[PDB]
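Written below as structure tokens is the structure these notes are about.
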Amino acid sequence: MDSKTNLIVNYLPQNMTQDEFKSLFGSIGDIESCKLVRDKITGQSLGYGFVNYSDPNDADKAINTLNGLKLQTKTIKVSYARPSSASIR
Numbered sequence: 035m036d037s038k039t040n041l042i043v044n045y046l047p048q049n050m051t052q053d054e055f056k057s058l059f060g061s062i063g064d065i066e067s068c069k070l071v072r073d074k075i076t077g078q079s080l081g082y083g084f085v086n087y088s089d090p091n092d093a094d095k096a097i098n099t100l101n102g103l104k105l106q107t108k109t110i111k112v113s114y115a116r117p118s119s120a121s122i123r
């Protein structure tokens, strides 16, 4: 069905984690399913998580407001979750 629910976040700050990542994109749209990067060994974050909204309108809004957030000493930025470029030559 036409919907497009791809919201990949990157540039996550240390404090940000599975809990700070849920509330962050949680008070913006019904993330049909979140999924921040969280190794299954020590638990170090890769500095980016995955999020899928329910509609494309709520997803473009999380990007029209969180796309380029400034931090005390870091730069966070939202980005549509897309697959590899898939090049050839």
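Just add 34 to wherever you are in the sequence shown, counting from 1, and you've got our numbering.
Note that the Cβ used here is the ideal one computed from N, Cα and C, for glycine as well.
Next on the checklist: Using only CA atoms, which one of 120, 37, 52 lies nearest to residue 43?
Outcome noted: Numbered from its first residue, the sequence shown carries residue 43 at position 9. Here the closest residue by C-alpha is 52.
Checklist entry - Do residue 73 and residue 88 have their C-beta atoms within less than 9 Å of each other? => result Within the sequence shown, the letter at position 39 stands for residue 73. Within the sequence shown, the letter at position 54 stands for residue 88. In this structure, the beta-carbon distance from residue 73 to residue 88 does not fall below 9 Å.
Next on the checklist: Only counting the same chain, and skipping five residues up and downstream in sequence, which positions put a Cβ closer than 7 Å to that of residue 71?
Outcome noted: Locating residue 71 in the sequence shown gives position 37, counting from the first residue. Same-chain partners within the cutoff: 79, 80, 82, 83.
Item to check | Runs of beta strand (DSSP E) wholly within the segment 88-122 (minimum 3 residues, chain order) | outcome: The qualifying runs are 109-113.
Next on the checklist: Quick check on the DSSP output: the beta strand (DSSP E) that includes residue 69 runs from which residue to which?
Outcome noted: Here residue 69 is taken as the residue at index 35 of the sequence shown, counted from 1. Counting along the chain, residue 69 sits inside the beta strand (DSSP E) bounded by residues 67-70.
Next on the checklist: Quick check on DSSP: helix, strand or coil for residue 60?
Outcome noted: The residue given as residue 60 occupies position 26 in the sequence shown. The three-state reading of DSSP puts residue 60 in helix, counting H, G and I together.
Next on the checklist: Taking the beta carbon of residue 86 as the centre, do at least 16 other beta carbons fall within 10 Å, making it buried, or is it exposed?
Outcome noted: Counting from one through the sequence shown, the residue named residue 86 turns up at place 52. Burial is judged here by how many other beta carbons sit within 10 angstroms of a residue's own beta carbon; residue 86 has at least 16 and is buried.
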